[PDB]
Amino acid sequence: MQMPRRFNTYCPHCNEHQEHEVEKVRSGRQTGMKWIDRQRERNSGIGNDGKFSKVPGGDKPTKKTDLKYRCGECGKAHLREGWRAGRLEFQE
Amino acid sequence: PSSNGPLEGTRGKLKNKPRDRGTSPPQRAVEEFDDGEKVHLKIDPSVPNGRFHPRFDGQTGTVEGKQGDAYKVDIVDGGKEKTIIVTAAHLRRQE
Amino acid sequence: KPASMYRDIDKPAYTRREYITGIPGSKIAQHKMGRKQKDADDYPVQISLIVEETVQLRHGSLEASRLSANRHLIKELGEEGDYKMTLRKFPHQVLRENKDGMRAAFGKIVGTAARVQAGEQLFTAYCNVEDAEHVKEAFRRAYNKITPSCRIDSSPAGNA
Amino acid sequence: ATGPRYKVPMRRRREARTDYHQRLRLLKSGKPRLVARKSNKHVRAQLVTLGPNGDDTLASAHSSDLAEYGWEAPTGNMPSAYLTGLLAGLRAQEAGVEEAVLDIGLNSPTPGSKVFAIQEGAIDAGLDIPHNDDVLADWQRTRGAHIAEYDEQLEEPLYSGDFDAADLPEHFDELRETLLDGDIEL
Amino acid sequence: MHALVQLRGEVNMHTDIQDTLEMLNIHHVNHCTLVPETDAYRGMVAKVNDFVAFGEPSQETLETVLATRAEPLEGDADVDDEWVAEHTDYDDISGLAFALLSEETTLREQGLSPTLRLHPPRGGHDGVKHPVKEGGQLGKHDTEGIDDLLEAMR
RNA sequence: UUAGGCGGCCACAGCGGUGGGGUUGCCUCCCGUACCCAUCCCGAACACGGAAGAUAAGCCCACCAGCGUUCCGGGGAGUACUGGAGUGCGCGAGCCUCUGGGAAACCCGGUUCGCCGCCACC
RNA sequence: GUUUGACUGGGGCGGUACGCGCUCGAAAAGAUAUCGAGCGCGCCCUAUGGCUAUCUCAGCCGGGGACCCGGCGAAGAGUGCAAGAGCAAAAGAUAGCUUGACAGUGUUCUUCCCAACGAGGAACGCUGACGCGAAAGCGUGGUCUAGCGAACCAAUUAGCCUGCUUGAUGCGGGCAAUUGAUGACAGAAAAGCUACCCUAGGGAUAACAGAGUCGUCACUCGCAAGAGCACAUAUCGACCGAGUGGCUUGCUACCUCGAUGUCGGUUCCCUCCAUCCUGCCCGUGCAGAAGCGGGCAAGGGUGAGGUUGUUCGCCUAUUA
RNA sequence: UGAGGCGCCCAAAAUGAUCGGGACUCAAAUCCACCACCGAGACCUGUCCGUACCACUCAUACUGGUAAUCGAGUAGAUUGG
RNA sequence: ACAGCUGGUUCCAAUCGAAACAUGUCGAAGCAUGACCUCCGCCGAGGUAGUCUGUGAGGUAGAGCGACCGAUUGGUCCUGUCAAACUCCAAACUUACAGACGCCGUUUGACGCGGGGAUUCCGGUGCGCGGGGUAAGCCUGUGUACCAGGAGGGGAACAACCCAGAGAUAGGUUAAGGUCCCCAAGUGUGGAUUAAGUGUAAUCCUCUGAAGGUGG
Ligand SMILES: CSC[S@](=O)C[C@H](CO)NC(=O)/C=C/c1c(C)[nH]c(=O)[nH]c1=O
Ligand SMILES: [Cl-]
Ligand SMILES: [Cl-]
Ligand SMILES: [Cl-]
Ligand SMILES: [Cl-]
Ligand SMILES: [Cl-]
Ligand SMILES: [Cl-]
Ligand SMILES: [K+]
Ligand SMILES: [Mg+2]
Ligand SMILES: [Mg+2]
Ligand SMILES: [Mg+2]
Ligand SMILES: [Mg+2]
Ligand SMILES: [Mg+2]
Ligand SMILES: [Mg+2]
Ligand SMILES: [Mg+2]
Ligand SMILES: [Mg+2]
Ligand SMILES: [Mg+2]
Ligand SMILES: [Mg+2]
Ligand SMILES: [Mg+2]
Ligand SMILES: [Mg+2]
Ligand SMILES: [Mg+2]
Ligand SMILES: [Mg+2]
Ligand SMILES: [Mg+2]
Ligand SMILES: [Mg+2]
Ligand SMILES: [Mg+2]
Ligand SMILES: [Mg+2]
Ligand SMILES: [Mg+2]
Ligand SMILES: [Mg+2]
Ligand SMILES: [Mg+2]
Ligand SMILES: [Mg+2]
Ligand SMILES: [Mg+2]
Ligand SMILES: [Mg+2]
Ligand SMILES: [Mg+2]
Ligand SMILES: [Mg+2]
Ligand code: NA
Ligand code: NA
Ligand code: NA
Ligand code: NA
Ligand code: NA
Ligand code: NA
Ligand code: NA
Ligand code: NA
Ligand code: NA
Ligand code: NA
Ligand code: NA
Ligand code: NA
Ligand code: NA
Ligand code: NA
Ligand code: NA
Ligand code: NA
Ligand code: NA
Ligand code: NA
Ligand code: NA
Ligand code: NA
Ligand SMILES: [Sr+2]
Ligand SMILES: [Sr+2]
Ligand SMILES: [Sr+2]
Ligand SMILES: [Sr+2]
Ligand SMILES: [Sr+2]
Ligand SMILES: [Sr+2]
Ligand SMILES: [Sr+2]
Ligand SMILES: [Sr+2]
Ligand SMILES: [Sr+2]
Ligand SMILES: [Sr+2]
Ligand SMILES: [Sr+2]
Ligand SMILES: [Sr+2]
Ligand SMILES: [Sr+2]
Ligand SMILES: [Sr+2]
Ligand SMILES: [Sr+2]
Ligand SMILES: [Sr+2]
Ligand SMILES: [Sr+2]
Ligand SMILES: [Sr+2]
Ligand SMILES: [Sr+2]
Ligand SMILES: [Sr+2]
Ligand SMILES: [Sr+2]
Ligand SMILES: [Sr+2]
Ligand SMILES: [Sr+2]
Ligand SMILES: [Sr+2]
Ligand SMILES: [Sr+2]
Ligand SMILES: [Sr+2]
Ligand SMILES: [Sr+2]
């Protein structure tokens, strides 16, 4: 489906309607220093490694929208529930 | 049933007799009831909103207050007490 | 296949063509016989074949009886005799057959039948006071090819 | 009409007098309605309330009984409409009515029209009615100015039965002046 | 006022039909109760119609049954004119019988057990598999038929 | 209500038809576009301003039943169906009796060409 | 070293009735099963959402299958997609404007009738901020019922809490929430063979047999079209209809799994009749002889051989 | 010529036939009525037991009272011996 | 060793008395949570298994369709037929609430509430209504009573068909069913039919008897 790059809506930060810009959330890189990262190294050794021997699951036929909404005046973003959309293309 | 949605098997109870077909009179949609009043519950096919679960059609409850314009009606489903949010459009005074 | 299999009314009415496909064509060639251009009121005698028990009659049976009855009326009154007979019932009930044991047993469609309540007129003839006995014979041969017992009732006919 | 299954509209629908969808939305306020009507020659204002066997009018005013206070002018114009609303409004306050919702029935919400004039009048009478100023004709028009200047482009008196030559908005003032006053027998 | 006598046991009888008999103070076979003729009671007897025998008895018959089977609300004190006279609003059984038949009072109202625990029918009854019109003993009876039964069960 | 406004019930009110009604009164048709307002083009409509004309529309009043609808009488029908009961009948599908309820179609004769509430008004 | 699921008229194969929605089944409150009947959903849409203004649709007729004018026309149109339901001065069409498909937090119902259970859903509120409208009011997505996903972990959004004597920096831990999937859909990370097999049990579930059924099979009867050169009925006999048996087969899972040893044959005994011979009859398209058809009748008889394990059947010479 | 009642033909199975048997024919069959009987632990009645409740009581020890509206029971819960 | 699988688990009595179903489950030979049984405590005045009446809900039976819809005849308006997934109509009946009467509760404390303990989640039969199947002592629903866990009387025998719900003991009268003998009671009365031993068989896997025919 189609969707406007910018449009007026409520900004929970300014607490009033203002223009926002919609952006698909880009994945941020991992640091490899989170607790889970250290548990994988502490608990992995000889033989099977329990949960750390499992491999990536499947995929749902369609994913939900994963967007950021940035307020055009205070520069802050807020998240919203997403909805299943086979495709999301912005207009302009 | 073959399915279990809210409108399963409601072909009859949610269908209008042909002559009652069409937008309903506003009078009964604006009616005011007092707490303690006995009201019969019956969905009006022509009115979309303010309905209760079809399974409760035919109940005679007791107005025990309101929420916004809708009314909170107390009924006893079997032996279980329940509170129903319903708009006047689907209610009628008893007796 | 034996009629014992379908003669009783032990199942829901099954007639909706919109939800049933593959329904075999009927074997009944005609429902109105004799001189169908003339009215029934134009006759002094009116005799019907009445069913005595409620039953289902398959189209293959309606055809055999009707045939074996009109045939006689034709042989005794001629290919143009001054008479007219009517088979007033049509086979609306669709019949199945489970032809794998009792698993997914709903049967495939195999035929059609007409439901007849006891006391009803299956056939009705209109003749002249002369051929009144030839029609009584046609019915005698007709009720011999259908399940129930029948009464050959003589409606308009006080010439005895 | 055609058969058993035929659906005949509610009486007031087939007579083309009541817009039920608008009615319902109106009744949802819980407030009395300032029912503004108008005929070719007259204008009528009524404060209607909901009732068991039908609506209930608590107060009202007609352009006819306007003369009853000193009006010799026509009764189908702007000055006429406003004063009628004010008269009905004043009587409204009498019976204890304090607020209303404009019910223009099947008339159009044209800016500066008479049903809106009836409204401004009823509001000046002290009644609390949800409105919008920039939809009300400007003061002067209400007075009757637009018709004065029209008579200005004379050649043949605008009015037949000489009520006056160059007509009068100043009269409107005298009548409004007489209504806003306390005394007056409502 | 109709006399009601249970003639068919509780085994296999519908529960709502059995509860109806109990509301009419009948808990055993051969037990009789006196019920006023009202719309409410009418629905009740019509419901237990197939397990009972009922009808309006003659004043005399009611007098015989009361004499022989009436009991106090409590205790084994025999009920006779003297008892009636000293415990009820009447002078003797007759005064009571009349007031009952005319529905001015009830046994319970006069300190008597609501039930007349009758004896099996001497000479037997007409059967509990057929109504009166078919030669049985079930359902509504004539005052003479009802008296015949009650007297046999005296 | 000698013609009006806002309605409740939402065809007993619909469809169709006949007759009657209006000088400064009422509703209308009607006359007219400087204004407020209006038409994807039209003062047609919407809106505004107005009285030369008119009761032909509409409307209101009185009425007609052919079609549609409501209710009612008589007939169909205590039929069809049915809650309770049965050591009643039938090879059987099924039927009957007693008790308590009880249609629909259709025909014939009536009823129905709205009823009611608030306000205003020779 | 383990896993290789569940359902199932036994199991396997087939299928998914394994998560959802609609009509019917369902017996006029509610609830209600089967490998029950018809059939759908795992999306799509920035408008195909929202409001306002103006407006009325299928279809038919008349006048100049595109367009223009008039008439009839309560809805048969349209409303994204199943089905059922809703809707006409609209919930449909057109035009314009707009982003409420918004943030926070609840009430109630549903999910799960009654009657406890999560996610998910719906109706209805309060608060905040907005859109449109003269205003009442409408907008918590699409008229209603399908379009859905736990914990752990990661990424993401804004502010704040916190990390072992202490301060600074790095890098971590946490409060709230969004997104990523488990369709075996209230969530394990997961293929088969065993006739070399083993244990626990089950007649809770199959094979043979018994029992029930009798569609199938065998046999009979009613009707008698038709032909039999003429001739229904010497004889053959379609259709359709009604039955009997329990010899075939199928169905069911009632009995038996702490066992009732398979088929065929053989040997030996009793029986049934729907009769092949023998006795006695009737008809004949009965000259005779002999055929053919039918009736009574179960005393007796009904044998030997070739292939094949065969039952069956085919074949040979005898035979009443 | 119409209708009704009972019966007859249709009607064949395997160790020994059957309405339980005997056996029954103006019935010991069938249908319509009727009369009198037999027959449960049901119902009525005497006495006793248990249990529940009541009065008195420290008592759950006696004594008295009430039970038409108490008296069957697998799994299981409760309690005295 | 473990098993969700088979077997067994020892004295007496008194009160009450099920569930063989719902939701979830690698779950269907198991559990948990509900329903239901029981025990204890709290509460303190009503309760509602029956019926009647009033105010409502409902589209099954039936019926009908020139009332929709889709089927389904023929003739030169008429004439012949239908519907589990049709309805212009429309029951009996089921059901919400209330009042009345009844019954019940206020020392036997009902209704309601909190907590302890379960058992149970293979069911079956009759009757009514079903859906599948030619059918079945079939499969799968639903309501109810029964068996299970229910004696005693009858039914030849015979879990659920009839009578009947039962402390002990005793007298009496009946119930279902029966009265020629076996075996308690009639070789009962008035009348009629049957000649087949029809029949002497309520119900039923169990008791057959059909279409067709009969100057008996
Ligand atoms: C006591 S069990 C006896 S057995 O079942 C006897 C029956 C005779 O019909 N034999 C069989 O069923 C044989 C079945 C066979 C099957 C299914 N498959 C085979 O490969 N061979 C068989 O013999
Ligand atoms: Cl996205
Ligand atoms: Cl609800
Ligand atoms: Cl107006
Ligand atoms: Cl003891
Ligand atoms: Cl009991
Ligand atoms: Cl004999
Ligand atoms: K075995
Ligand atoms: Mg339905
Ligand atoms: Mg006593
Ligand atoms: Mg008897
Ligand atoms: Mg005129
Ligand atoms: Mg029988
Ligand atoms: Mg291991
Ligand atoms: Mg399995
Ligand atoms: Mg239902
Ligand atoms: Mg995981
Ligand atoms: Mg992410
Ligand atoms: Mg699951
Ligand atoms: Mg689930
Ligand atoms: Mg083993
Ligand atoms: Mg077993
Ligand atoms: Mg078995
Ligand atoms: Mg052996
Ligand atoms: Mg023979
Ligand atoms: Mg010869
Ligand atoms: Mg022999
Ligand atoms: Mg013990
Ligand atoms: Mg004890
Ligand atoms: Mg029907
Ligand atoms: Mg048991
Ligand atoms: Mg006796
Ligand atoms: Mg003797
Ligand atoms: Mg015999
Ligand atoms: Na470690
Ligand atoms: Na409506
Ligand atoms: Na006029
Ligand atoms: Na698995
Ligand atoms: Na299969
Ligand atoms: Na939820
Ligand atoms: Na077999
Ligand atoms: Na057979
Ligand atoms: Na022989
Ligand atoms: Na051989
Ligand atoms: Na016990
Ligand atoms: Na183990
Ligand atoms: Na298990
Ligand atoms: Na079970
Ligand atoms: Na399970
Ligand atoms: Na009471
Ligand atoms: Na029926
Ligand atoms: Na029991
Ligand atoms: Na015995
Ligand atoms: Na015999
Ligand atoms: Sr380590
Ligand atoms: Sr490793
Ligand atoms: Sr996938
Ligand atoms: Sr069937
Ligand atoms: Sr026949
Ligand atoms: Sr004009
Ligand atoms: Sr038969
Ligand atoms: Sr009646
Ligand atoms: Sr393995
Ligand atoms: Sr198999
Ligand atoms: Sr909506
Ligand atoms: Sr393989
Ligand atoms: Sr091998
Ligand atoms: Sr054994
Ligand atoms: Sr023989
Ligand atoms: Sr011979
Ligand atoms: Sr063999
Ligand atoms: Sr062979
Ligand atoms: Sr006991
Ligand atoms: Sr006991
Ligand atoms: Sr008990
Ligand atoms: Sr029902
Ligand atoms: Sr005798
Ligand atoms: Sr005799
Ligand atoms: Sr048997
Ligand atoms: Sr039988
Ligand atoms: Sr016969």
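Residues numbered from 1 in each chain as written, not as in the entry; some residues may be left out. Chains lettered and ligands numbered in written order. Part of a larger assembly, values for the part shown. Heavy atoms only, no water.

The record lists X-ray crystallography as the method behind this PDB entry and 2.2 Å as its resolution.

Undergrad: So what exactly am I meant to see when it comes to the sheet that holds strand β6 (residues 121–127) of chain C here?
TA: The strands making up a sheet associate through hydrogen bonds between their backbones, and the pairing can be parallel or antiparallel. Residue and element names in this part refer to chain C. Strand order in the open sheet formed by four strands is β3-β6-β1-β7, and the pairing between neighbours is antiparallel. Edge positions in the sheet fall to β3 (84–87) and β7 (150–154), since each has one partner strand and no second. Strand-to-strand twist of the sheet, defined as the mean angle between neighbouring strand axes without regard to direction, takes the value 15 degrees. In this fold helix α1 (residues 59–77) packs onto β3 and β6, with an angle of close to 175 degrees to the strand it touches most, β3. Set on the sheet, helix α2 (residues 132–142) makes contact with β1 (45–51), β3, β6 and β7; between it and β1 the angle comes to about 15 degrees. (Pairing = 2+ DSSP bridges. Helix = DSSP H or I, 4+ residues; strand = E, 2+ residues; numbered from the N terminus. Axes fitted to C-alpha atoms, helices over the stretch in contact; angles between N-to-C directions. Contact = heavy atoms within 4.5 Å.)

Undergrad: When you look at the state of the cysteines in this model, what are you seeing that I'm missing?
TA: Each disulfide consists of one covalent bond between the sulfur atoms belonging to two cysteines. Residues and elements named next belong to chain A. All chains considered together, the criterion is met by zero disulfides over all chains. Between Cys-11, a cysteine without a disulfide, and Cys-71, which holds the nearest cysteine sulfur, the sulfur-to-sulfur distance is 3.7 Å. By relative accessible area, which is 0% here, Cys-11 ends up buried. (Disulfide = S-S within 2.5 Å. Buried < 20%, exposed > 50% of the residue type's maximum accessible area, 1.4 Å probe, protein only.)

Undergrad: What should I look at first to understand the environment of D:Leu34 in this one?
TA: Residue and element names in this part refer to chain D. Along the chain, the position of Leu-34 falls in strand β1 (residues 33–38). The class for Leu-34 is buried, based on a relative accessible area of 0%. Sequence separation between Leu-34 and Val-101 is 67 residues, and the spatial gap between their C-alpha atoms is 5.7 Å. Dropping the residues within four chain positions of it, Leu-34 is found in contact with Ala-45, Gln-46, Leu-47, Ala-100, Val-101, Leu-102, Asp-103, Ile-118, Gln-119, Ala-122 and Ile-129.

Undergrad: Hey, could you run me through the protein's contact with RNA strand H in this one?
TA: All names here are of chain E. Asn-30, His-31, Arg-117, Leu-118 and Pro-120 are the nearest of the 14 residues found near RNA strand H. For RNA strand H, the backbone portion of the atoms within 4 Å of the protein, that is sugar and phosphate, comes to 80%. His-27 has a polar side-chain atom sitting 3.5 Å from a sugar or linking oxygen of RNA strand H. Within the backbone of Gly-75, one N or O atom sits 3.3 Å away from a phosphate oxygen of RNA strand H. Its residues assigned to classes, the surface near RNA strand H shows four nonpolar, seven polar and three charged. (Near = heavy atom within 4 Å. Polar contact = N/O pair within 3.5 Å; in protein donor to acceptor, adjacent residues only side chain to side chain. Nonpolar A, V, L, I, M, F, W, Y, C, P; charged D, E, K, R; others polar.)

Undergrad: Can you walk me through the packing of helix α3 (residues 59–69) of chain E against helix α5 (residues 93–101) of chain E in this structure?
TA: When two helices pack together, their arrangement is captured by the angle between the axes and the distance separating the axes. Residues and elements named next belong to chain E. Packing of α3 against α5 brings their axes to within 9 Å, and their N-to-C directions diverge by 120 degrees. As the angle between them shows, α3 and α5 are arranged oblique. Regarding α3 and α5, the two cross each other, and that crossing is right-handed. For the pair α3 and α5, contact is made by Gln-59, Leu-62, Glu-63, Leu-66 and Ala-67 and by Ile-93, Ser-94, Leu-96, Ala-97, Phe-98, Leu-100 and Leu-101, respectively. For the contact of α3 with α5, the residue count by class is nine nonpolar, two polar and one charged. (Parallel < 35°, antiparallel > 145°, perpendicular 65-115°, else oblique. Left-handed = near helix turned anticlockwise from the far one by under 90°.)

Undergrad: Looking at this structure, I do not really get the protein's contact with RNA strand G. What am I missing?
TA: Around RNA strand G lies a shell of 137 residues, among which A:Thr31, B:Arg11, B:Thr83, C:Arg140 and C:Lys145 are the nearest. A:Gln30 places a side-chain nitrogen or oxygen 3.3 Å from a sugar or linking oxygen of RNA strand G. B:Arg55 is positioned with one of its side-chain polar atoms (N or O) 2.9 Å from a phosphate oxygen of RNA strand G. Looking at the surface near RNA strand G residue by residue, the class counts come to 45 nonpolar, 49 polar and 43 charged.

Undergrad: Hey, could you run me through the packing of aromatic side chains in this one?
TA: For any two aromatic rings, the description comes down to two numbers: the centre-to-centre distance and the angle of the planes. Scanning the entire structure with this criterion turns up seven aromatic pairs over all chains. Ring geometry for C:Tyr14 and C:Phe106: centres 6.2 Å apart, planes at 75 degrees, overall edge-to-face. Among the aromatic residues, ring-to-ring pairing joins D:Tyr82, D:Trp139 and D:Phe172 into one connected group. Over the ring of A:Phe90 we find A:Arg5; its NZ or CZ atom is 4.1 Å from the centre of that ring. Above the ring of C:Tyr43, the side-chain terminus of C:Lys38 is found at 4.1 Å from the ring centroid. (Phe/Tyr/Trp six-rings, centres within 6.5 Å; stacked < 30°, edge-to-face > 60°. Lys NZ or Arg CZ within 6 Å of the ring centre and 35° of its normal.)

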